[PDB]
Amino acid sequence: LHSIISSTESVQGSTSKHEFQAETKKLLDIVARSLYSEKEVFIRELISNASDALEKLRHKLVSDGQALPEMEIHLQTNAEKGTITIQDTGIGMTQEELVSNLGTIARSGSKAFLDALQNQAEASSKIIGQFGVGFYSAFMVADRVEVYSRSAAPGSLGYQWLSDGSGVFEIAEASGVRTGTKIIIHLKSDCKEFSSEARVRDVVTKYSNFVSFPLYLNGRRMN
């Protein structure tokens, strides 16, 4: 087996509170309404985000003149805790990105995204991914979301990022965060199926061969 996901992180700083941008909750809601009928697609959304993070790390390392490290995407299920977790070893998120990325669309203007979603020229799931709000689909299956991220940028600290998706998120420095991003989803009462290894395998195997870097489920290679 080849696993990297474990409960290694430790809170080692006090908590900073951040309120959602005014429109962010509206956009969270519209993603959830759009994707409910195929709610399992959140896994593909987060794998796509992880792949994007690995590509960003690739280009950093190409310009740095350095080797490619273990560049992987890992899924973990925990039926006892009612969680699904995804961890990538990609570029990770800086403090500034953890503060600002959720509200990017709200701040820059949602018109283009909402127009695209309305026109339905492609699958809603694809549009949502393309506009960079695939992470919004984490919330639609979660009672709460628990994120650990550390940027590959020099001097970057590791952070815990928590939210129940309602209107606030909280950031605290953490020790033991691997470069990249880990997202722990505490699943909603109607979404417990995604804490089943068999169910997640069934869902992901339909597209796992389309993933460029090694993809693992509970330590087992999927591609």
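Residue indices: 1-based, along the sequence shown.
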#### Entry: Unresolved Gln66 in a third or more of other entries flanked by modelled residues
yes
### Message
Using a one-third cut-off over the other compared PDB entries, is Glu122 one of the residues left without coordinates?
### Response
yes
### Task
Pick between 112 to 120 and 145 to 153: the one whose mean CA B-factor in the entry is higher.
112 to 120
## Note on the structure
The stretch whose C-alpha atoms carry the larger average B-factor in the entry, 88 to 96 or 123 to 131, is 123 to 131
#### Entry: Lowest, middle or highest third - CA B-factor, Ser189
highest
### Task
Consider only the C-alpha atoms of the modelled residues in this chain, order them by B-factor as the entry records it, and name the third containing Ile183: lowest, middle or highest.
lowest
### Message
Please say which third, lowest, middle or highest, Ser37 falls into when its CA temperature factor is compared across its chain.
### Response
middle
#### Entry: Third of the chain's Cα B-factor distribution that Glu197 belongs to, per the entry
highest
### Query
Going by what the PDB entry lists, where does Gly165 fall on CA B-factor within its chain: lowest, middle or highest third?
highest
